[PDB]
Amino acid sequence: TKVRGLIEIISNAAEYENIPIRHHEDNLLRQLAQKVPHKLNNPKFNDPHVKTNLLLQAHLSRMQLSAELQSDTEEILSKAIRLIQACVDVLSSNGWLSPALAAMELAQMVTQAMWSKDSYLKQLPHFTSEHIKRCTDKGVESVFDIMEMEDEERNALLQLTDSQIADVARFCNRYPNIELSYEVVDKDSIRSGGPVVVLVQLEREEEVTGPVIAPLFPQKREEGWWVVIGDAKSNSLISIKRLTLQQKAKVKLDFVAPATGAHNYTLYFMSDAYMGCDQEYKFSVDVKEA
């Protein structure tokens, strides 16, 4: 399941069965279809689902559109998050780890208007491609790398006005900087077929708690998270829970312990709003019994 396939699942939804099909837009659409990262095949520029797929890609690529197309995009976007969450629900319920994680990233992508391959710095206000090129050239790749710089370094690199920096500071102070700690409950008493309980604790270290900053997403959004346990080797999604976080939160996940012996898993913490904030921890358990 590639990003392309996930975008197709979202745009093929019955919810978009009535996206406006206009006289005289085929031109823009035909060209749009030429420029988007994932080219479409038979394109039927009369299919609301085809239009929806192109407008979603255009949004992710932050391309120039007509006022009308921009309005159509806003409509599509207003239904997108809920659809993506449902998609994550389906993929994770079926136990498909990679597809489920990719769908979670798609929620971040749609919110921040960017592709999974883009630098996380594309989220910062006023950051252009050259900003990103210069940051990458310098080995600066995370928002945290940006925040660690002193003024002289930052001004030379970003070349931003005091007002632009104030906007950057606002985003950085709300960007998730969470400390995740976890405990395998009674690690020495796990029995085959019995429960394996993982107690996760989250604590926000950044200064501001509040709604997501996403200049290119029309609706007000709240920060959402998923905590997941899976087997990366077999691509199996074992446990998942959705949560919202204020200052501190405790999340309990559990799953059936496999056959006696040593086993390895991965604990994931995934955003549905920001990129670059996800965490992964490979842990192990010793199952007794037998």
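One rule holds for the numbers: they count along the sequence shown, beginning at 1.
Trainee: Between 119-127 and 134-142, point out the one with the higher average CA B-factor as the PDB entry records it.
Mentor: If you average the C-alpha B-factors of 119-127 and of 134-142, the larger mean comes out for 134-142.
Trainee: When the Cα temperature factors in the entry are averaged, is it 191-199 or 73-81 that ends up higher?
Mentor: The recorded data point to 73-81.
Trainee: Return the residue from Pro48, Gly261, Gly224, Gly230 that has the highest Cα B-factor in the entry.
Mentor: Among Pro48, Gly261, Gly224, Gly230, the PDB entry lists the largest C-alpha B-factor for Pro48.
Trainee: Of the choices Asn235, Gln246, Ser239, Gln64, which one's C-alpha carries the largest B-factor in the record?
Mentor: Most elevated C-alpha B-factor of the set, per the entry: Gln64.
Trainee: Quick check on the deposited entry: does the C-alpha B-factor of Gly95 sit in the lowest, middle or highest third of its chain?
Mentor: Its C-alpha B-factor, which the entry lists for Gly95, ranks in the middle third among residues of this chain.
Trainee: Quick check on the deposited entry: does the C-alpha B-factor of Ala257 sit in the lowest, middle or highest third of its chain?
Mentor: It belongs to the lowest third of the chain when residues are ordered by C-alpha B-factor.
Trainee: Is the Cα B-factor recorded for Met275 in the lowest, middle or highest third of its chain?
Mentor: Ranked within chain, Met275 CA B lands in the lowest tercile.
Trainee: Among all modelled residues of this chain, ranked by Cα B factor, put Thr111 in the bottom, middle or top third, i.e. lowest, middle or highest.
Mentor: Bottom third by C-alpha B-factor.
Trainee: Within this chain, which third does the Cα B-factor at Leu267 fall in: lowest, middle or highest?
Mentor: As the PDB entry reports it, the C-alpha B-factor of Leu267 lands in the lowest third of its chain.
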